[PDB]
Amino acid sequence: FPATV
Amino acid sequence: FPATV
Amino acid sequence: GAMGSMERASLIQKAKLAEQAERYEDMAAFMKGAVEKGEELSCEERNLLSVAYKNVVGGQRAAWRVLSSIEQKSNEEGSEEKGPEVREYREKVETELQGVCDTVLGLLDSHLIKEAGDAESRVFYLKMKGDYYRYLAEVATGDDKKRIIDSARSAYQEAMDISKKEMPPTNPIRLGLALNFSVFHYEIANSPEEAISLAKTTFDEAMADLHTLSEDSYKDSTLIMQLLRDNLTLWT
Amino acid sequence: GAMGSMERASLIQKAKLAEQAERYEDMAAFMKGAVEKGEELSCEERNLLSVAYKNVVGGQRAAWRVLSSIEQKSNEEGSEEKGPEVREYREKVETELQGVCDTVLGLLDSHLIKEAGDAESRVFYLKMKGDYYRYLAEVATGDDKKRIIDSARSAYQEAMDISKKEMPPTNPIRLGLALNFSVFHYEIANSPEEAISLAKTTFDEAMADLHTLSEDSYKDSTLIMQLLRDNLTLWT
Ligand SMILES: *CC(=O)NCC1CCN(C(=O)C2(Nc3ccccc3)CCCCC2)CC1
Ligand SMILES: *CC(=O)NCC1CCN(C(=O)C2(Nc3ccccc3)CCCCC2)CC1
Ligand SMILES: [Mg+2]
Ligand SMILES: [Mg+2]
Ligand SMILES: [Mg+2]
Ligand SMILES: [Mg+2]
C-alpha cells in the first residue's frame, strides 16, 4: 500500500 | 509491567 | 440489547471476523451478545470472550496510566497550574474502564459462573472475575478500595482451590490463573514475597509434570511457564 | 453537540492528551468540538484535527480491507457458503467509515474551507477534502462512484492550483498534497502514468529548492520527498 500523509 | 494472560 | 436480534452462531462468526480485523470493541460487543443468549460457552467461545475484553480493557489501562502519569507530574512542586482538564480526562477514561469491568463482571454474575460446573469453565470464569476486580483495584482510591481488592483475592482464591484439586499443574488455565494471582499479590496486595513464592512454586510444579505431555501440550504449558520466569526475573 | 459545553482551549488541551494516550477517537471528538466553536484553526490545531481523523479512518480502512478480502475469497469457486455474516460485518465497518468521512467533509464544508484565505490553510483543507472523498471512493460501488471520484479530483486540483501559485516547491503541505494526489491517480483514477509523472516532477522540483532551506525545514521537506521516492520505487 502506497505512502500518504 | 509484569506479564498476565 | 442491540445484539438481541442476531443469531448466536452469527455473533460468534462475527466475533472471529472482528478479531481478524483487530476490531476488539466490536468483538467484545458480539461476545456479550452471545453470552446474553443464555447458553453456556464452549472453550473456544470462552477464549473469544476473554480475548475481546482483554484487548479493550488493556487499551483503556494503558491510556489511564499515561494520563495518571501526566496528572501526577502536574501535582509536583514547580509544575504550572493547567486547570482541571488532565483530571477530567483521566476521570473520563477511568469511568469508561470501570464500565467495561462492570460489564464483564455482570456477565460473569448473570449467569456464567453459576452455570459453570466443569473445572475448566469454572476456573476460567473465576480467574476472569479476579482479573476484572484487579483492574477496578488499579484505579480505586475510595471507601470501597479494600472491598474491591478483597473481591479480586476471593475470586482468585476460589479459582486456585478448584484448580489445585481438579487440574494438572501444567494445565494452561491453572498456569495463567497463578501467573495473574501472583501479579495481584505483587502489584495490588503489596505482597511481593507471596507473588514470588506463588510464581516459583507454580513454575516448579509445572516443570515436574511436563514429562506427561504431548508436544503440543508442552508448547502451551511452557509458553506460560516462561511468563512466570519473566516475572520472577523482573522481581528478583 | 456533546462538546458544546467545553471551552475551546480545554478541547484543544484534551485533544493533545488524547494523542499522548493514543485515544484517537476521543482526539477526533475533541477536535470536532473545537472546530464547531466557529473560530478559524491555527496551524497546530489543523494538524491535531488531521492527525485525529487520519488515525480513526486509517484503522477503519485497514479493517475494511481485511473484511473485503475475506468476502472476496468467500465468492470464489469452491468456497463453502457461510451465509450473510461476512457481507453484513463488512457493511457495518463500511457504514461507520463513511460516517467518519461525512463528518470530516461536513466540518470542511461548514465552514472551514470558506473561511480559509491564506494559502497554507486553504490548501491544507482542500487536501483533506480530497483525502476523505478518496476514502469514500475506496469503498464506493454504486450510481455515485464516478461523482465521488470526481469530487476528490476537484478538491485535489484546486489545492494543487493554489499550492503551485502560492507556496514554494518544498512546502510540506504542497509536498503532502502532491504525494496524496499521486496516490489518488494510481489507486482510484486508474492513471498510473499520471501518478508517476506527478510524484517525479514534485520530487525533482523540491530537490532544486532545498538549497534555500534551514536545516529544520530541510528535514521536514526531505521526509516527504522520501515518501514520494518510496512510491516511485513501488510503481516502477
Ligand atoms: C477450554 C478453556 O476454557 N480454554 C482456555 C484455553 C487454554 C489457555 N489459553 C492460553 O494458553 C493463552 N491464554 C490464556 C491462558 C490461561 C488463561 C486464560 C487465557 C495463553 C496466553 C497466550 C494466549 C493463549 C487460552 C485457551
Ligand atoms: C501550518 C499548517 O497547516 N501546517 C501543516 C504542517 C506541515 C506538514 N506536516 C507534516 O510535514 C507531516 N504531515 C502532513 C504533511 C502535509 C500535509 C498534511 C500532513 C508530514 C508527515 C508526517 C507527519 C507530519 C504537518 C504539519
Ligand atoms: Mg473516578
Ligand atoms: Mg501456597
Ligand atoms: Mg455499503
Ligand atoms: Mg502536470
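As stated in the entry header, the method of structure determination is X-ray crystallography and the reported resolution is 1.40 Å.

Caption draft 1: Seen up close, the overall build of chain C. Along the backbone of chain C there are nine helices and zero strands. Against the globule reference of 18 Å for 236 residues, chain C gives a C-alpha radius of gyration of 19 Å, in line with a compact fold. Expressed as lengths along the three principal axes of its C-alpha atoms, the size of chain C is roughly 60 × 50 × 35 Å. Each of the 236 residues in chain C was classed as buried or not, and the buried ones make up 47%. In chain C, 68% of the contacts between residues at least 6 apart in sequence involve partners at least 24 apart.

Caption draft 2: Region of interest: the packing of helix α4 (residues 85-115) of chain C against helix α5 (residues 119-139) of chain C. Residues and elements named next belong to chain C. Following both chains from N to C, one finds α4 and α5 inclined at 155°, their axes separated by 10 Å at the closest point. Classified by the angle between their axes, α4 and α5 sit roughly antiparallel to one another. Crossing geometry of α4 relative to α5 is assigned as left-handed. Across the interface between the two elements, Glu94, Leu97, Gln98, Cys101, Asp102, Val104, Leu105, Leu108, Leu112 and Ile113 of α4 pack against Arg122, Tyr125, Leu126, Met128, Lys129, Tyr132, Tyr133, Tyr135, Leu136 and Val139 of α5. Tallied by class, the residues present in the contact of α4 with α5 amount to 15 nonpolar, one polar and four charged.

Caption draft 3: Molecular detail of the site of ligand 1. Every residue close to ligand 1 is listed here: B:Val5, C:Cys43, C:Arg46, C:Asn47, C:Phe124, C:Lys127, C:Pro172, C:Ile173 and C:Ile224. Residues near ligand 1 are shared among chains B and C, making this a multi-chain site. For ligand 1, an oxygen atom lies 3.0 Å from a polar atom in the side chain of C:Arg46. At a separation of 3.0 Å, a nitrogen atom of ligand 1 approaches a polar side-chain atom of C:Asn47. Burial of ligand 1 by the protein chains amounts to 68% of its free accessible area of 560 Å². For the shell around ligand 1, the secondary-structure elements that each account for two or more residues are α3 (43-74), α5 and α7 (172-187) of chain C. Among the elements that take part in the shell around ligand 1, α3(C) stands out by supplying three residues, more than any other. Split by residue class, the shell around ligand 1 holds six nonpolar, one polar and two charged.

Caption draft 4: Main features of the interface of chain C and chain B. With 14 residues of chain C at the interface, the matching set in chain B holds five residues. Along the contact surface separating chain C from chain B lie zero salt bridges. Put simply, chain C and chain B have three residue pairs in polar contact between them. Secondary structure elements with two or more residues in the side of chain C that touches chain B: α3, α5, α7 and α9 (215-235) of chain C. For the side of chain C that touches chain B, the element with the highest residue contribution is α7(C), accounting for five residues.

Caption draft 5: Molecular detail of the environment of D:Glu194. Residues and elements named next belong to chain D. For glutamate 194, the position within the fold is in helix α8 (residues 192-207). For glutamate 194, a relative accessible area of 45% corresponds to the partly exposed category. Along the primary structure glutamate 194 and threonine 212 are separated by 18 residues, whereas in three dimensions their C-alpha atoms are 28 Å apart.

Caption draft 6: Structural context of the interface of chain D and chain C. Contacts between chain D and chain C engage 23 residues on the former and 23 residues on the latter. Between the two partners, chain D and chain C, sit four salt bridges. A salt bridge links D:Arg23 to C:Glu96, with the nearest nitrogen and oxygen atoms 2.9 Å apart. Our enumeration of links across chain D and chain C arrives at eight residue pairs in polar contact.

Caption draft 7: Quick look at the pattern of salt bridges. Tallying each qualifying case throughout the model produces 38 salt bridges over all chains. Of the charged contacts in the structure, one is a salt bridge between C:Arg134 and C:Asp131, with a shortest N-O distance of 3.1 Å. In this pair, C:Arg134 and C:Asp131 are both assigned in helix α5, three residues apart and thus about one turn of the helix distant. Using a relative accessible area of 3% as the deciding quantity, one classes C:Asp131 as buried. Between D:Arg122 and D:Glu158 there is a salt bridge; the shortest N-O distance is 3.3 Å. Of this pair, D:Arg122 sits in helix α5 (residues 119-139) while D:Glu158 sits in helix α6 (residues 145-166); the two residues are 36 residues apart in sequence, bridging distant segments of the chain. Each of C:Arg23, C:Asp26, D:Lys92 and D:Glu96 takes part in a single network of salt bridges with overlapping partners.

Caption draft 8: Local environment of α4(C). Here α4(C) spans 45 Å end to end across 31 residues, near enough to the 45 Å set by a 1.5 Å rise per residue. At C:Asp109, α4(C) shows its strongest bend, of approximately 50°.

What counts, and at which threshold
Here, residue numbers run from 1 along each chain following its sequence as written; these need not agree with the numbering used in the entry, and residues that have no coordinates do not appear. Written order determines the labels here, with chains lettered from A and ligands numbered from 1. Excluded from the side-chain calculation are hydrogens and water; included are all heavy atoms of the structure. By the criteria applied, helices consist of DSSP H or I runs no shorter than four residues and strands consist of E runs no shorter than two, each listed in order from the N terminus. With the radius of gyration taken over C-alpha atoms, the globule rule is written as 2.2 Å times the number of residues to the power 0.38. Accessible area is worked out with a 1.4 Å probe on protein chains only. A residue is then buried under 20% of its type maximum, exposed over 50%, and partly exposed in between. In what follows, a contact means two residues having at least one pair of non-hydrogen atoms within 4.5 Å. In this analysis, axes come from line fits to C-alpha atoms, helices being fitted only over the stretch in contact, and the angle between any two N-to-C directions falls in the range 0 to 180 degrees. Comment on the angle field: the value is read as roughly parallel under 35 degrees, roughly antiparallel over 145, roughly perpendicular from 65 to 115, and oblique elsewhere. For any helix crossing, the convention is left-handed if the near helix is rotated counterclockwise from the far helix by under a right angle, and right-handed if that rotation is clockwise. For this classification, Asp, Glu, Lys and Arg are treated as charged, while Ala, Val, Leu, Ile, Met, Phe, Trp, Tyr, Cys and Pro are nonpolar and the rest, including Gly, are polar. Any residue with at least one heavy atom within 4 Å of a molecule or strand is counted as near it. Polar contact is the term for a pair of N or O atoms within 3.5 Å; when the atoms are in protein, one must be able to donate a hydrogen and the other to accept it, and sequence-neighboring residues count only if both atoms are side-chain atoms. A 1.4 Å probe and the Shrake-Rupley method give the accessible areas. Residues count as covered only by the protein chains that appear here. One speaks of a salt bridge when a side-chain nitrogen belonging to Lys or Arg is within 4 Å of a carboxyl oxygen belonging to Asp or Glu. By definition here, a helix of n residues has an expected span of 1.5 Å times n minus one. Bend, at a single residue, is the angle you get between axes fitted to the 7 residues ending at that residue and the 7 residues starting at it.

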